[PDB]
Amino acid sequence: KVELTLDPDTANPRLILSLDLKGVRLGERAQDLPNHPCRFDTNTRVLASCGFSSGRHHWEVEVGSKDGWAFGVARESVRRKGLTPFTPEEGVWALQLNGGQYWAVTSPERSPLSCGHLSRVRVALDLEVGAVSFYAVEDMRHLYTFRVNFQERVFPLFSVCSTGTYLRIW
């Protein structure tokens, strides 16, 4: 349904975006970019260039096998400057691969998923229902849903905090 690209102006300056602005990995060295207000200056995050205020949208995300990624959605007002917590209260609703386990990033304790190995995941954002849902593409098996009372523009969110993993809008 939606054709997203990663917004380079939002990306932490250590992130490396592929030529087509669909893939993201982490570099060791910070690239020299202007510190625009929208840019995440500390946490390893990037948003898509397009966000959603209403309706039902979906996209798919190819995921690395190694630890260090999280993705889902973020409210537009998610803090860009400073070190932020990666939590629903701070405006991020995401799955994560960390410690060899898949998680829904619930607070104050993350929720472990029993879903087996993931390769590509569909993200379904419904702003009339008030939910963001994740499915393993191979059989559209439901992984997790956050129900949320979204009341602003919601952006696709990606984060990569290890040099050994990646995400790709696919």
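Note that residue numbering follows the sequence shown and begins at 1.
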item: 36-44 versus 57-65 - which carries the larger mean C-alpha B factor in the record; value: 57-65
item: Higher-scoring stretch by recorded Cα B factor average, 141-149 or 45-53; value: 141-149
item: Residue with maximal Cα B-factor (values as given in the PDB entry) among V129, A104, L26, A70; value: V129
item: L6, C-alpha B-factor rank within chain (lowest, middle or highest third); value: middle
